[PDB]
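Dumped data_33.pdb below, it's PDB, C-alpha atoms:
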```pdb
ATOM      1  CA  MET C   1       5.027  18.280   9.655
ATOM      2  CA  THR C   2       5.054  15.051  11.716
ATOM      3  CA  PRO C   3       5.299  11.659   9.923
ATOM      4  CA  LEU C   4       2.592  10.463  12.341
ATOM      5  CA  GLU C   5       0.450  13.475  11.343
ATOM      6  CA  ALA C   6       1.144  12.864   7.640
ATOM      7  CA  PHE C   7      -0.040   9.281   8.113
ATOM      8  CA  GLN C   8      -3.202  10.602   9.735
ATOM      9  CA  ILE C   9      -3.770  13.237   7.017
ATOM     10  CA  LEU C  10      -2.972  11.064   3.982
ATOM     11  CA  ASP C  11      -5.951   8.957   2.964
ATOM     12  CA  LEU C  12      -5.247   5.620   1.274
ATOM     13  CA  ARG C  13      -8.092   3.530  -0.124
ATOM     14  CA  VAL C  14      -8.757   0.266  -1.923
ATOM     15  CA  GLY C  15     -10.405   0.793  -5.285
ATOM     16  CA  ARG C  16     -11.048  -1.263  -8.368
ATOM     17  CA  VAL C  17     -10.084  -0.317 -11.912
ATOM     18  CA  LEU C  18     -13.132  -0.261 -14.170
ATOM     19  CA  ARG C  19     -11.554   1.275 -17.236
ATOM     20  CA  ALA C  20      -7.975   1.534 -18.554
ATOM     21  CA  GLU C  21      -6.952   3.199 -21.814
ATOM     22  CA  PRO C  22      -3.685   4.327 -23.425
ATOM     23  CA  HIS C  23      -2.759   7.860 -22.438
ATOM     24  CA  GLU C  24      -1.522   8.700 -25.934
ATOM     25  CA  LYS C  25      -1.416  12.463 -25.257
ATOM     26  CA  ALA C  26       1.042  12.124 -22.348
ATOM     27  CA  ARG C  27       4.766  12.292 -23.113
ATOM     28  CA  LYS C  28       5.511   9.828 -20.300
ATOM     29  CA  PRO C  29       4.049   6.321 -21.067
ATOM     30  CA  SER C  30       0.880   5.943 -19.061
ATOM     31  CA  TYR C  31      -2.717   4.777 -18.846
ATOM     32  CA  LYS C  32      -5.887   6.766 -18.261
ATOM     33  CA  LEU C  33      -7.680   4.904 -15.441
ATOM     34  CA  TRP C  34     -11.158   5.141 -13.945
ATOM     35  CA  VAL C  35     -11.185   3.778 -10.396
ATOM     36  CA  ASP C  36     -14.232   2.667  -8.398
ATOM     37  CA  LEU C  37     -13.572   3.655  -4.798
ATOM     38  CA  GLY C  38     -16.958   2.602  -3.463
ATOM     39  CA  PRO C  39     -18.357   5.397  -1.217
ATOM     40  CA  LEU C  40     -15.954   7.856  -2.872
ATOM     41  CA  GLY C  41     -17.376   6.916  -6.249
ATOM     42  CA  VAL C  42     -15.324   7.073  -9.433
ATOM     43  CA  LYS C  43     -11.975   8.841  -9.582
ATOM     44  CA  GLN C  44      -9.642   9.234 -12.531
ATOM     45  CA  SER C  45      -5.907   8.613 -12.581
ATOM     46  CA  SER C  46      -3.038   8.678 -15.076
ATOM     47  CA  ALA C  47      -0.667   5.868 -14.107
ATOM     48  CA  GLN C  48       2.722   5.068 -15.624
ATOM     49  CA  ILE C  49       2.177   1.329 -15.254
ATOM     50  CA  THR C  50       2.505   0.472 -18.936
ATOM     51  CA  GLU C  51       5.500  -1.762 -18.384
ATOM     52  CA  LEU C  52       4.260  -4.991 -16.781
ATOM     53  CA  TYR C  53       0.541  -4.228 -17.267
ATOM     54  CA  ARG C  54      -1.861  -4.290 -20.222
ATOM     55  CA  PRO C  55      -5.069  -2.186 -19.982
ATOM     56  CA  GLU C  56      -6.946  -5.494 -20.180
ATOM     57  CA  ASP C  57      -5.015  -6.708 -17.127
ATOM     58  CA  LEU C  58      -5.949  -3.642 -15.092
ATOM     59  CA  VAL C  59      -9.679  -3.803 -15.727
ATOM     60  CA  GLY C  60     -11.334  -5.445 -12.739
ATOM     61  CA  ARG C  61      -8.303  -5.476 -10.443
ATOM     62  CA  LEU C  62      -7.927  -4.080  -6.941
ATOM     63  CA  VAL C  63      -5.552  -1.184  -6.499
ATOM     64  CA  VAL C  64      -4.669   1.057  -3.551
ATOM     65  CA  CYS C  65      -4.773   4.824  -4.093
ATOM     66  CA  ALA C  66      -3.773   8.071  -2.403
ATOM     67  CA  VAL C  67      -7.093   9.866  -2.747
ATOM     68  CA  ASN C  68      -7.004  13.207  -0.862
ATOM     69  CA  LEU C  69      -4.178  14.829  -2.854
ATOM     70  CA  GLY C  70      -4.992  17.706  -5.159
ATOM     71  CA  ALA C  71      -6.131  16.629  -8.614
ATOM     72  CA  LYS C  72      -3.796  17.477 -11.483
ATOM     73  CA  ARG C  73      -3.921  17.505 -15.269
ATOM     74  CA  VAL C  74      -1.810  15.177 -17.365
ATOM     75  CA  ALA C  75      -1.951  15.731 -21.074
ATOM     76  CA  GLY C  76      -5.453  17.117 -20.659
ATOM     77  CA  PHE C  77      -6.622  14.154 -18.580
ATOM     78  CA  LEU C  78      -7.542  15.012 -14.987
ATOM     79  CA  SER C  79      -5.805  12.750 -12.453
ATOM     80  CA  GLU C  80      -7.729  12.939  -9.178
ATOM     81  CA  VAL C  81      -6.023  10.076  -7.294
ATOM     82  CA  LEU C  82      -2.655   8.272  -7.217
ATOM     83  CA  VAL C  83      -2.379   4.520  -7.782
ATOM     84  CA  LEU C  84       0.399   3.212  -5.537
ATOM     85  CA  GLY C  85       3.226   1.043  -6.768
ATOM     86  CA  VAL C  86       6.806   0.092  -6.020
ATOM     87  CA  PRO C  87       9.647  -0.435  -8.506
ATOM     88  CA  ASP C  88      11.153  -3.838  -9.214
ATOM     89  CA  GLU C  89      14.874  -4.303  -9.853
ATOM     90  CA  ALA C  90      14.588  -2.802 -13.342
ATOM     91  CA  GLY C  91      12.638   0.233 -12.119
ATOM     92  CA  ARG C  92       9.293  -1.008 -13.519
ATOM     93  CA  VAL C  93       6.268  -0.162 -11.409
ATOM     94  CA  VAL C  94       4.766  -3.085  -9.492
ATOM     95  CA  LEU C  95       1.265  -2.354  -8.220
ATOM     96  CA  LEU C  96       0.295  -2.839  -4.589
ATOM     97  CA  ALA C  97      -2.900  -4.702  -3.738
ATOM     98  CA  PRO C  98      -4.760  -6.365  -0.840
ATOM     99  CA  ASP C  99      -3.973 -10.098  -0.336
ATOM    100  CA  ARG C 100      -7.563 -10.839  -1.248
ATOM    101  CA  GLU C 101     -10.899  -9.316  -2.266
ATOM    102  CA  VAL C 102     -12.113  -6.616   0.131
ATOM    103  CA  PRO C 103     -14.772  -3.838   0.200
ATOM    104  CA  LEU C 104     -14.025  -0.891  -2.138
ATOM    105  CA  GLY C 105     -13.300   2.430  -0.506
ATOM    106  CA  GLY C 106     -11.743   0.540   2.397
ATOM    107  CA  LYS C 107      -9.151   2.675   4.179
ATOM    108  CA  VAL C 108      -5.568   1.467   4.639
ATOM    109  CA  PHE C 109      -4.223   1.454   8.187
TER     110      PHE C 109
ATOM    111  CA  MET A   1      -0.690  19.833   6.610
ATOM    112  CA  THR A   2      -1.232  19.489   2.835
ATOM    113  CA  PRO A   3      -2.199  15.900   1.765
ATOM    114  CA  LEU A   4       0.368  16.317  -0.995
ATOM    115  CA  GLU A   5       3.060  17.086   1.587
ATOM    116  CA  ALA A   6       1.794  14.344   3.903
ATOM    117  CA  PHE A   7       2.323  12.114   0.858
ATOM    118  CA  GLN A   8       5.891  13.371   0.431
ATOM    119  CA  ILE A   9       6.767  13.136   4.146
ATOM    120  CA  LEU A  10       5.278   9.691   4.778
ATOM    121  CA  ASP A  11       7.785   6.974   3.910
ATOM    122  CA  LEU A  12       6.252   3.726   2.668
ATOM    123  CA  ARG A  13       8.505   0.750   1.928
ATOM    124  CA  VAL A  14       8.286  -2.915   1.041
ATOM    125  CA  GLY A  15       9.897  -5.292   3.483
ATOM    126  CA  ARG A  16       9.994  -9.015   4.053
ATOM    127  CA  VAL A  17       8.860 -10.579   7.322
ATOM    128  CA  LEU A  18      11.629 -12.896   8.529
ATOM    129  CA  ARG A  19      10.218 -13.658  11.986
ATOM    130  CA  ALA A  20       6.700 -13.788  13.457
ATOM    131  CA  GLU A  21       5.730 -14.702  17.013
ATOM    132  CA  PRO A  22       2.618 -14.516  19.245
ATOM    133  CA  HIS A  23       2.543 -11.221  21.125
ATOM    134  CA  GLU A  24       0.635 -12.842  23.972
ATOM    135  CA  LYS A  25       1.662 -10.060  26.393
ATOM    136  CA  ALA A  26      -0.475  -7.633  24.373
ATOM    137  CA  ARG A  27      -4.142  -7.119  25.294
ATOM    138  CA  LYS A  28      -5.350  -6.964  21.701
ATOM    139  CA  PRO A  29      -4.262 -10.097  19.747
ATOM    140  CA  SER A  30      -1.163  -9.489  17.664
ATOM    141  CA  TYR A  31       2.122 -10.890  16.377
ATOM    142  CA  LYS A  32       5.633  -9.664  17.078
ATOM    143  CA  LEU A  33       7.170  -9.142  13.662
ATOM    144  CA  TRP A  34      10.742  -8.606  12.472
ATOM    145  CA  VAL A  35      10.768  -7.020   9.017
ATOM    146  CA  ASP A  36      13.760  -6.945   6.666
ATOM    147  CA  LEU A  37      13.665  -3.551   4.975
ATOM    148  CA  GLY A  38      16.890  -3.976   3.015
ATOM    149  CA  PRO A  39      18.930  -0.722   3.286
ATOM    150  CA  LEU A  40      16.890   0.252   6.349
ATOM    151  CA  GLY A  41      17.864  -3.023   7.988
ATOM    152  CA  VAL A  42      15.646  -4.816  10.484
ATOM    153  CA  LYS A  43      12.616  -3.089  12.024
ATOM    154  CA  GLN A  44      10.213  -4.551  14.580
ATOM    155  CA  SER A  45       6.421  -4.278  14.477
ATOM    156  CA  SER A  46       3.433  -5.493  16.486
ATOM    157  CA  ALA A  47       0.683  -6.372  14.005
ATOM    158  CA  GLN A  48      -2.912  -7.322  14.737
ATOM    159  CA  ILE A  49      -3.121  -9.762  11.849
ATOM    160  CA  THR A  50      -3.810 -12.914  13.845
ATOM    161  CA  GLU A  51      -7.132 -13.480  12.066
ATOM    162  CA  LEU A  52      -6.407 -14.700   8.519
ATOM    163  CA  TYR A  53      -2.648 -15.138   9.101
ATOM    164  CA  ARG A  54      -0.592 -17.679  11.042
ATOM    165  CA  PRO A  55       3.037 -16.875  12.008
ATOM    166  CA  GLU A  56       4.189 -19.589   9.602
ATOM    167  CA  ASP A  57       2.425 -17.843   6.708
ATOM    168  CA  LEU A  58       3.921 -14.460   7.484
ATOM    169  CA  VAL A  59       7.521 -15.693   7.510
ATOM    170  CA  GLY A  60       9.133 -14.900   4.158
ATOM    171  CA  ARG A  61       6.234 -12.744   3.011
ATOM    172  CA  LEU A  62       6.507  -9.310   1.414
ATOM    173  CA  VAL A  63       4.729  -6.566   3.257
ATOM    174  CA  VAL A  64       4.356  -2.790   2.900
ATOM    175  CA  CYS A  65       5.149  -0.579   5.911
ATOM    176  CA  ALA A  66       4.928   3.025   7.108
ATOM    177  CA  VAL A  67       8.498   3.358   8.322
ATOM    178  CA  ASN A  68       9.195   6.937   9.454
ATOM    179  CA  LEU A  69       6.531   7.279  12.145
ATOM    180  CA  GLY A  70       7.785   7.301  15.724
ATOM    181  CA  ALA A  71       8.354   3.895  17.338
ATOM    182  CA  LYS A  72       5.810   2.818  19.947
ATOM    183  CA  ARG A  73       5.894   0.237  22.712
ATOM    184  CA  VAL A  74       3.196  -2.469  22.679
ATOM    185  CA  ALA A  75       3.155  -4.708  25.749
ATOM    186  CA  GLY A  76       6.835  -3.914  26.146
ATOM    187  CA  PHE A  77       7.569  -4.795  22.529
ATOM    188  CA  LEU A  78       9.001  -1.909  20.498
ATOM    189  CA  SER A  79       6.984  -1.460  17.293
ATOM    190  CA  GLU A  80       9.222   0.619  14.963
ATOM    191  CA  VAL A  81       7.224   0.415  11.727
ATOM    192  CA  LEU A  82       3.590  -0.040  10.726
ATOM    193  CA  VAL A  83       2.618  -3.011   8.538
ATOM    194  CA  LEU A  84      -0.189  -1.815   6.252
ATOM    195  CA  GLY A  85      -3.478  -3.586   5.688
ATOM    196  CA  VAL A  86      -7.114  -3.030   4.821
ATOM    197  CA  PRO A  87     -10.304  -4.495   6.401
ATOM    198  CA  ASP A  88     -12.422  -7.191   4.763
ATOM    199  CA  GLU A  89     -16.212  -7.349   5.163
ATOM    200  CA  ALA A  90     -15.753  -8.706   8.692
ATOM    201  CA  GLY A  91     -13.298  -5.985   9.656
ATOM    202  CA  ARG A  92     -10.382  -8.429   9.705
ATOM    203  CA  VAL A  93      -7.024  -7.061   8.531
ATOM    204  CA  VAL A  94      -5.921  -8.022   5.019
ATOM    205  CA  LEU A  95      -2.281  -7.268   4.292
ATOM    206  CA  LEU A  96      -1.209  -5.160   1.332
ATOM    207  CA  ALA A  97       1.536  -6.505  -0.917
ATOM    208  CA  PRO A  98       3.340  -5.891  -4.215
ATOM    209  CA  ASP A  99       1.943  -7.990  -7.123
ATOM    210  CA  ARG A 100       5.257  -9.757  -7.374
ATOM    211  CA  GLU A 101       8.670  -9.786  -5.761
ATOM    212  CA  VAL A 102      10.540  -6.479  -5.651
ATOM    213  CA  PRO A 103      13.725  -5.200  -3.941
ATOM    214  CA  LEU A 104      13.364  -4.835  -0.162
ATOM    215  CA  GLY A 105      13.391  -1.250   1.075
ATOM    216  CA  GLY A 106      11.819  -0.166  -2.202
ATOM    217  CA  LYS A 107       9.792   3.010  -1.795
ATOM    218  CA  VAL A 108       6.080   3.145  -2.597
ATOM    219  CA  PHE A 109       4.996   5.933  -4.953
TER     220      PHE A 109
END
```
Written as structure tokens, that's how I'd like the structure from this file.
Amino acid sequence: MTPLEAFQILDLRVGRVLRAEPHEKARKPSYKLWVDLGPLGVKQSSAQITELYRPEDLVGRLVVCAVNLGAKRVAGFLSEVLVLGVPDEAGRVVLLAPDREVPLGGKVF
Amino acid sequence: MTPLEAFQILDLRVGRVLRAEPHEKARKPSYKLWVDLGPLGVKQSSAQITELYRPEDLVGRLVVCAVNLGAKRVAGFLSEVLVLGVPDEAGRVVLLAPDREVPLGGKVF
């Protein structure tokens, strides 16, 4: 109930995309992603980051994800974590990332 | 209480550092920061990012902050928002940032 508590409860981690594929089944343009979160292992995610990013661009890049939320299904694909982004002027999702390379599974603070 | 709700309550925004100065009064090394959060205006923050970043580098840089947590005093300096980062192998803070420029005050999702 307290924004300070929510910050404490929410768990944000640095992960690296290992696999990105078109989420054809989904009505809303997205990608099926497989994210390496180090200690947390691999977690799936359906991200609507098709504008600005090509699956080939995602593979191997660092991303920051909300990991402890409940997993949900998207067009059959199970999305266990949320890849964080922010919209540009046109509303397109711009991904967040660490300034440089860092250990996977690292927690944001 | 629910990570999903913590997600919804926590307010993460992108801001631009316009001023950075040595927070020498603070015990733990930090910088006094003034962040332009667009519609939210200017918010102060004490950030322990002295290793890897020099005040000159921070000025004009996009950063991502936790904005709706209560403000806290740090060596007299009022820290109103949290500038988010992640530790490298050495534990040093690495700032998070959008891949490219985006509107200030933009909300992370």
Could you give me, as JSON lines, a per-residue list for chain A showing, wherever an atom lies at most 10 Å from an atom of chain C, the closest pair of atoms and their distance in Å to one decimal, using all atoms listed in the file and sorting by chain then residue number from low to high?
```
{"residue": "A:1", "atom": "CA", "partner": "C:1", "partner_atom": "CA", "distance": 6.7}
{"residue": "A:2", "atom": "CA", "partner": "C:69", "partner_atom": "CA", "distance": 7.9}
{"residue": "A:3", "atom": "CA", "partner": "C:69", "partner_atom": "CA", "distance": 5.1}
{"residue": "A:4", "atom": "CA", "partner": "C:69", "partner_atom": "CA", "distance": 5.1}
{"residue": "A:5", "atom": "CA", "partner": "C:6", "partner_atom": "CA", "distance": 7.6}
{"residue": "A:6", "atom": "CA", "partner": "C:6", "partner_atom": "CA", "distance": 4.1}
{"residue": "A:7", "atom": "CA", "partner": "C:10", "partner_atom": "CA", "distance": 6.2}
{"residue": "A:8", "atom": "CA", "partner": "C:6", "partner_atom": "CA", "distance": 8.6}
{"residue": "A:9", "atom": "CA", "partner": "C:3", "partner_atom": "CA", "distance": 6.1}
{"residue": "A:10", "atom": "CA", "partner": "C:3", "partner_atom": "CA", "distance": 5.5}
{"residue": "A:11", "atom": "CA", "partner": "C:3", "partner_atom": "CA", "distance": 8.0}
{"residue": "A:12", "atom": "CA", "partner": "C:86", "partner_atom": "CA", "distance": 9.4}
{"residue": "A:13", "atom": "CA", "partner": "C:86", "partner_atom": "CA", "distance": 8.2}
{"residue": "A:14", "atom": "CA", "partner": "C:86", "partner_atom": "CA", "distance": 7.8}
{"residue": "A:63", "atom": "CA", "partner": "C:96", "partner_atom": "CA", "distance": 9.8}
{"residue": "A:64", "atom": "CA", "partner": "C:96", "partner_atom": "CA", "distance": 8.5}
{"residue": "A:65", "atom": "CA", "partner": "C:109", "partner_atom": "CA", "distance": 9.9}
{"residue": "A:66", "atom": "CA", "partner": "C:7", "partner_atom": "CA", "distance": 8.1}
{"residue": "A:67", "atom": "CA", "partner": "C:3", "partner_atom": "CA", "distance": 9.0}
{"residue": "A:68", "atom": "CA", "partner": "C:3", "partner_atom": "CA", "distance": 6.1}
{"residue": "A:69", "atom": "CA", "partner": "C:3", "partner_atom": "CA", "distance": 5.1}
{"residue": "A:70", "atom": "CA", "partner": "C:4", "partner_atom": "CA", "distance": 7.0}
{"residue": "A:82", "atom": "CA", "partner": "C:109", "partner_atom": "CA", "distance": 8.3}
{"residue": "A:83", "atom": "CA", "partner": "C:109", "partner_atom": "CA", "distance": 8.2}
{"residue": "A:84", "atom": "CA", "partner": "C:109", "partner_atom": "CA", "distance": 5.5}
{"residue": "A:85", "atom": "CA", "partner": "C:108", "partner_atom": "CA", "distance": 5.6}
{"residue": "A:86", "atom": "CA", "partner": "C:108", "partner_atom": "CA", "distance": 4.8}
{"residue": "A:87", "atom": "CA", "partner": "C:106", "partner_atom": "CA", "distance": 6.6}
{"residue": "A:88", "atom": "CA", "partner": "C:102", "partner_atom": "CA", "distance": 4.7}
{"residue": "A:89", "atom": "CA", "partner": "C:103", "partner_atom": "CA", "distance": 6.2}
{"residue": "A:90", "atom": "CA", "partner": "C:102", "partner_atom": "CA", "distance": 9.5}
{"residue": "A:91", "atom": "CA", "partner": "C:102", "partner_atom": "CA", "distance": 9.6}
{"residue": "A:92", "atom": "CA", "partner": "C:102", "partner_atom": "CA", "distance": 9.9}
{"residue": "A:93", "atom": "CA", "partner": "C:109", "partner_atom": "CA", "distance": 9.0}
{"residue": "A:94", "atom": "CA", "partner": "C:99", "partner_atom": "CA", "distance": 6.1}
{"residue": "A:95", "atom": "CA", "partner": "C:99", "partner_atom": "CA", "distance": 5.7}
{"residue": "A:96", "atom": "CA", "partner": "C:98", "partner_atom": "CA", "distance": 4.3}
{"residue": "A:97", "atom": "CA", "partner": "C:96", "partner_atom": "CA", "distance": 5.3}
{"residue": "A:98", "atom": "CA", "partner": "C:96", "partner_atom": "CA", "distance": 4.3}
{"residue": "A:99", "atom": "CA", "partner": "C:95", "partner_atom": "CA", "distance": 5.8}
{"residue": "A:100", "atom": "CA", "partner": "C:94", "partner_atom": "CA", "distance": 7.0}
{"residue": "A:101", "atom": "CA", "partner": "C:88", "partner_atom": "CA", "distance": 7.3}
{"residue": "A:102", "atom": "CA", "partner": "C:88", "partner_atom": "CA", "distance": 4.5}
{"residue": "A:103", "atom": "CA", "partner": "C:88", "partner_atom": "CA", "distance": 6.0}
{"residue": "A:104", "atom": "CA", "partner": "C:88", "partner_atom": "CA", "distance": 9.4}
{"residue": "A:105", "atom": "CA", "partner": "C:86", "partner_atom": "CA", "distance": 9.8}
{"residue": "A:106", "atom": "CA", "partner": "C:86", "partner_atom": "CA", "distance": 6.3}
{"residue": "A:107", "atom": "CA", "partner": "C:86", "partner_atom": "CA", "distance": 5.9}
{"residue": "A:108", "atom": "CA", "partner": "C:86", "partner_atom": "CA", "distance": 4.6}
{"residue": "A:109", "atom": "CA", "partner": "C:84", "partner_atom": "CA", "distance": 5.4}
```
Once chain A has been least-squares superposed onto chain C, matching all their Cα atoms in order, can you return it as a PDB file with C-alpha atoms, in the frame of the given file?
```
ATOM      1  CA  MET A   1       4.882  18.082   9.503  1.00  0.00           C
ATOM      2  CA  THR A   2       5.046  15.067  11.857  1.00  0.00           C
ATOM      3  CA  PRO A   3       5.241  11.690   9.981  1.00  0.00           C
ATOM      4  CA  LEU A   4       2.583  10.493  12.407  1.00  0.00           C
ATOM      5  CA  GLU A   5       0.296  13.351  11.355  1.00  0.00           C
ATOM      6  CA  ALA A   6       1.213  12.898   7.689  1.00  0.00           C
ATOM      7  CA  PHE A   7       0.036   9.321   8.276  1.00  0.00           C
ATOM      8  CA  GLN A   8      -3.259  10.537   9.744  1.00  0.00           C
ATOM      9  CA  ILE A   9      -3.863  13.180   7.047  1.00  0.00           C
ATOM     10  CA  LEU A  10      -2.994  11.011   4.042  1.00  0.00           C
ATOM     11  CA  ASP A  11      -6.023   9.019   2.913  1.00  0.00           C
ATOM     12  CA  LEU A  12      -5.225   5.646   1.356  1.00  0.00           C
ATOM     13  CA  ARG A  13      -8.043   3.521  -0.066  1.00  0.00           C
ATOM     14  CA  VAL A  14      -8.580   0.362  -2.066  1.00  0.00           C
ATOM     15  CA  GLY A  15     -10.404   0.784  -5.338  1.00  0.00           C
ATOM     16  CA  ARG A  16     -11.145  -1.321  -8.374  1.00  0.00           C
ATOM     17  CA  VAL A  17     -10.063  -0.273 -11.860  1.00  0.00           C
ATOM     18  CA  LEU A  18     -13.108  -0.471 -14.136  1.00  0.00           C
ATOM     19  CA  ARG A  19     -11.591   1.202 -17.205  1.00  0.00           C
ATOM     20  CA  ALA A  20      -8.052   1.501 -18.598  1.00  0.00           C
ATOM     21  CA  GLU A  21      -6.986   3.225 -21.810  1.00  0.00           C
ATOM     22  CA  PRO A  22      -3.725   4.354 -23.481  1.00  0.00           C
ATOM     23  CA  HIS A  23      -2.889   7.912 -22.461  1.00  0.00           C
ATOM     24  CA  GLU A  24      -1.093   8.477 -25.752  1.00  0.00           C
ATOM     25  CA  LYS A  25      -1.388  12.276 -25.390  1.00  0.00           C
ATOM     26  CA  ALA A  26       0.993  12.090 -22.418  1.00  0.00           C
ATOM     27  CA  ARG A  27       4.754  12.408 -22.981  1.00  0.00           C
ATOM     28  CA  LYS A  28       5.678   9.736 -20.451  1.00  0.00           C
ATOM     29  CA  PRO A  29       3.873   6.425 -21.226  1.00  0.00           C
ATOM     30  CA  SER A  30       0.785   5.937 -19.097  1.00  0.00           C
ATOM     31  CA  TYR A  31      -2.796   4.686 -18.937  1.00  0.00           C
ATOM     32  CA  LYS A  32      -5.950   6.673 -18.285  1.00  0.00           C
ATOM     33  CA  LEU A  33      -7.633   4.889 -15.405  1.00  0.00           C
ATOM     34  CA  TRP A  34     -11.126   5.075 -13.915  1.00  0.00           C
ATOM     35  CA  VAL A  35     -11.134   3.703 -10.369  1.00  0.00           C
ATOM     36  CA  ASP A  36     -14.239   2.644  -8.440  1.00  0.00           C
ATOM     37  CA  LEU A  37     -13.651   3.729  -4.853  1.00  0.00           C
ATOM     38  CA  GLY A  38     -17.045   2.652  -3.534  1.00  0.00           C
ATOM     39  CA  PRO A  39     -18.417   5.434  -1.254  1.00  0.00           C
ATOM     40  CA  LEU A  40     -15.993   7.889  -2.863  1.00  0.00           C
ATOM     41  CA  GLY A  41     -17.424   7.012  -6.260  1.00  0.00           C
ATOM     42  CA  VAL A  42     -15.384   7.153  -9.452  1.00  0.00           C
ATOM     43  CA  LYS A  43     -11.973   8.852  -9.537  1.00  0.00           C
ATOM     44  CA  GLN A  44      -9.686   9.226 -12.550  1.00  0.00           C
ATOM     45  CA  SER A  45      -5.930   8.629 -12.578  1.00  0.00           C
ATOM     46  CA  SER A  46      -3.069   8.673 -15.078  1.00  0.00           C
ATOM     47  CA  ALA A  47      -0.738   5.800 -14.180  1.00  0.00           C
ATOM     48  CA  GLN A  48       2.665   5.003 -15.645  1.00  0.00           C
ATOM     49  CA  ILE A  49       2.185   1.257 -15.375  1.00  0.00           C
ATOM     50  CA  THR A  50       2.434   0.406 -19.063  1.00  0.00           C
ATOM     51  CA  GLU A  51       5.440  -1.862 -18.478  1.00  0.00           C
ATOM     52  CA  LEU A  52       4.219  -5.074 -16.808  1.00  0.00           C
ATOM     53  CA  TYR A  53       0.503  -4.255 -17.235  1.00  0.00           C
ATOM     54  CA  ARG A  54      -1.827  -4.218 -20.238  1.00  0.00           C
ATOM     55  CA  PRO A  55      -5.154  -2.308 -20.062  1.00  0.00           C
ATOM     56  CA  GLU A  56      -6.979  -5.644 -20.217  1.00  0.00           C
ATOM     57  CA  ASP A  57      -5.159  -6.843 -17.089  1.00  0.00           C
ATOM     58  CA  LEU A  58      -5.934  -3.716 -15.113  1.00  0.00           C
ATOM     59  CA  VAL A  59      -9.686  -3.862 -15.728  1.00  0.00           C
ATOM     60  CA  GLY A  60     -11.386  -5.402 -12.695  1.00  0.00           C
ATOM     61  CA  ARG A  61      -8.239  -5.295 -10.586  1.00  0.00           C
ATOM     62  CA  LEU A  62      -7.996  -4.047  -7.008  1.00  0.00           C
ATOM     63  CA  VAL A  63      -5.598  -1.207  -6.486  1.00  0.00           C
ATOM     64  CA  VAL A  64      -4.559   1.033  -3.582  1.00  0.00           C
ATOM     65  CA  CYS A  65      -4.684   4.820  -4.056  1.00  0.00           C
ATOM     66  CA  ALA A  66      -3.702   8.075  -2.351  1.00  0.00           C
ATOM     67  CA  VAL A  67      -7.039   9.831  -2.687  1.00  0.00           C
ATOM     68  CA  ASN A  68      -6.966  13.194  -0.882  1.00  0.00           C
ATOM     69  CA  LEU A  69      -4.078  14.839  -2.728  1.00  0.00           C
ATOM     70  CA  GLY A  70      -5.015  17.630  -5.119  1.00  0.00           C
ATOM     71  CA  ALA A  71      -6.076  16.570  -8.623  1.00  0.00           C
ATOM     72  CA  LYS A  72      -3.575  17.216 -11.411  1.00  0.00           C
ATOM     73  CA  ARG A  73      -3.915  17.443 -15.172  1.00  0.00           C
ATOM     74  CA  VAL A  74      -1.778  15.079 -17.280  1.00  0.00           C
ATOM     75  CA  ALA A  75      -1.908  15.731 -21.022  1.00  0.00           C
ATOM     76  CA  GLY A  76      -5.333  17.240 -20.450  1.00  0.00           C
ATOM     77  CA  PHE A  77      -6.505  14.210 -18.489  1.00  0.00           C
ATOM     78  CA  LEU A  78      -7.534  14.995 -14.907  1.00  0.00           C
ATOM     79  CA  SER A  79      -5.732  12.647 -12.502  1.00  0.00           C
ATOM     80  CA  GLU A  80      -7.725  12.822  -9.222  1.00  0.00           C
ATOM     81  CA  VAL A  81      -6.065  10.012  -7.258  1.00  0.00           C
ATOM     82  CA  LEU A  82      -2.671   8.314  -7.163  1.00  0.00           C
ATOM     83  CA  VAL A  83      -2.447   4.561  -7.818  1.00  0.00           C
ATOM     84  CA  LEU A  84       0.341   3.226  -5.587  1.00  0.00           C
ATOM     85  CA  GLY A  85       3.188   1.008  -6.705  1.00  0.00           C
ATOM     86  CA  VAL A  86       6.783   0.090  -5.985  1.00  0.00           C
ATOM     87  CA  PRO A  87       9.761  -0.378  -8.378  1.00  0.00           C
ATOM     88  CA  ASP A  88      11.203  -3.767  -9.312  1.00  0.00           C
ATOM     89  CA  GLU A  89      14.918  -4.299  -9.998  1.00  0.00           C
ATOM     90  CA  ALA A  90      14.499  -2.628 -13.395  1.00  0.00           C
ATOM     91  CA  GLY A  91      12.678   0.362 -11.946  1.00  0.00           C
ATOM     92  CA  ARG A  92       9.372  -0.717 -13.490  1.00  0.00           C
ATOM     93  CA  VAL A  93       6.243   0.005 -11.437  1.00  0.00           C
ATOM     94  CA  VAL A  94       4.703  -2.935  -9.578  1.00  0.00           C
ATOM     95  CA  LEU A  95       1.220  -2.259  -8.251  1.00  0.00           C
ATOM     96  CA  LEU A  96       0.325  -2.730  -4.600  1.00  0.00           C
ATOM     97  CA  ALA A  97      -2.794  -4.727  -3.770  1.00  0.00           C
ATOM     98  CA  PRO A  98      -4.711  -6.314  -0.887  1.00  0.00           C
ATOM     99  CA  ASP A  99      -3.966 -10.065  -0.452  1.00  0.00           C
ATOM    100  CA  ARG A 100      -7.560 -10.824  -1.275  1.00  0.00           C
ATOM    101  CA  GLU A 101     -10.778  -9.060  -2.159  1.00  0.00           C
ATOM    102  CA  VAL A 102     -11.986  -6.388   0.258  1.00  0.00           C
ATOM    103  CA  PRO A 103     -14.731  -3.710   0.217  1.00  0.00           C
ATOM    104  CA  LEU A 104     -14.007  -0.846  -2.195  1.00  0.00           C
ATOM    105  CA  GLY A 105     -13.268   2.471  -0.512  1.00  0.00           C
ATOM    106  CA  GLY A 106     -11.790   0.586   2.429  1.00  0.00           C
ATOM    107  CA  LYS A 107      -9.182   2.652   4.243  1.00  0.00           C
ATOM    108  CA  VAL A 108      -5.586   1.481   4.613  1.00  0.00           C
ATOM    109  CA  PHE A 109      -4.195   1.498   8.157  1.00  0.00           C
TER     110      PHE A 109
END
```
### Task
Enter the distance from atom CA of residue A:62 to atom CA of residue A:17, in Å, rounded to one decimal.
6.5 Å
